[PDB]
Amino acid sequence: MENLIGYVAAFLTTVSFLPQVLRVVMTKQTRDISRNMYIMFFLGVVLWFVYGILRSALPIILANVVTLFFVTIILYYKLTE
């Protein structure tokens, strides 16, 4: 059972960044978003992805690749104003 819980948790947590991507790409506004939040989160997802490759856990690699994508675009928009 627990594995299902984990998969649903990872899915939810990864796709949650998608509406934030949508809003950032639609309104082109990033004032209220923390830069440090997405910097630290960037490095965090990077290390989770390194942990996934180190453990050859493809589901962790996938979820964190999608998250790294989302977080990267959001951070880009933040940095570029």
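One-based numbering along the sequence shown.
- Remark: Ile39 belongs to the lowest third of its chain, ranked by C-alpha B-factor as recorded.
- Split the chain's modelled residues into thirds by C-alpha temperature factor. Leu47 is in the lowest one.
- Annotation for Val71: CA B-factor lies in the lowest third of the chain's modelled residues.
- When the CA B factors of the chain's modelled residues are split into thirds, the value for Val21 lands in the lowest one.
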